[PDB]
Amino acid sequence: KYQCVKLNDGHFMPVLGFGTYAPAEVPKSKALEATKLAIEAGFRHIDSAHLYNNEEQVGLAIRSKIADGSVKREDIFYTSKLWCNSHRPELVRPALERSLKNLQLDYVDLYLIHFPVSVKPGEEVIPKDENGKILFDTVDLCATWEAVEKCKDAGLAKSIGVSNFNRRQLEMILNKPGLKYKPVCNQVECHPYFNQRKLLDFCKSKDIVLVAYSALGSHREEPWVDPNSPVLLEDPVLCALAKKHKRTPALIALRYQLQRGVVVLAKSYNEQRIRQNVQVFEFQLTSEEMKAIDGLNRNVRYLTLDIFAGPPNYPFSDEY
């Protein structure tokens, strides 16, 4: 269904969203078809990023569902993200305008700082030196946020937020001198094996929505995810609750987040699963079942973004 949460700037965010990242080996055209099917199934919140190299396709999909009259622009909540190669203040608006041009949309509903570690400016999203290590850059993320705030001023992003920020980095933005807009959200990995209780409580404490990514246990694309990590959707408790409720493990995992106050994303380029995942609104977990899923917490982070560790801004060294 279309139920939403009110953000701290007064905009409304659909509580279920459609993830659009797919591994590099997935052809770009598949993003176009999956996003159309997502909108037909009921999805109104759509999550992309300049990193995903799909905004031309995702924009084509959204504007085709507008053109055929299925939805109007105001019904769609579209998220993009500012990548690490344009953290520098003077490059922030160029990057947003470049996403909008690829999308052929006048504005995004939500613009996020994608990841707090900066890299060398340029066309390459992961620039590398001769020994294969990332060419990091040195940027004041408070200066980045101010340039992101100016993007809201200009009406090019209706809301603004962050992703992959730990509590320290959230506090750096929240307590910045002259802050215009708080982040409306922190988009972070969250699933029953990494349920982010502490970070979720902290966001709640500052009127920041936690948006769960990798909520079904991630794409598991090598070399980003350890292939020896456990597979979330094989979990016996999730599978047992799925049987009990006549649902699926993915649907238990998404319902879990909805009942604990989290906005949840779900990626699928599969028509059946796309349509399946919107069924998260048709059933309820009992409080005893929520507690059983709470017990699944394992400290298994699927997406470490290890290749960016080293700089002070690497977000996952802190406890949360």
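We call the rigid core whatever largest set of C-alpha positions still superposes within 1.5 Å between the two forms. Start at 1 and count along the sequence shown; that's the residue number.
Farther on average from this form in 6 other deposited structures of this protein lies stretch 125-133, the comparison being between 125-133 and 147-155 by RMS Cα distance after core superposition. Averaged over structures and residues, the CA distance from the shown form in 6 other deposited structures of this protein after a core fit is larger for 23-31, of the two stretches 288-296 and 23-31.
Between the stretches 197-205 and 136-144, it is 136-144 that shows the larger average CA temperature factor. The question of which stretch, 64-72 or 285-293, has the higher mean Cα B factor is settled in favour of 64-72.
Out of 93, 219, 114, 158, the entry records its largest CA B-factor for 219. For the set 14, 10, 19, 311, the PDB entry puts the maximum C-alpha B factor at 311. When the modelled residues of the chain are ordered by C-alpha B-factor, residue 192 sits in the lowest third. When all modelled residues of the chain are sorted by CA temperature factor, residue 171 is found within the middle third.
In the deposited entry, the Cα temperature factor of residue 28 sits in the top third of values across the chain's modelled residues. When the modelled residues of the chain are ordered by their C-alpha B factor, residue 107 lands in the middle third. The deposited CA B-factor of residue 81 belongs to the lowest third of values across its chain.
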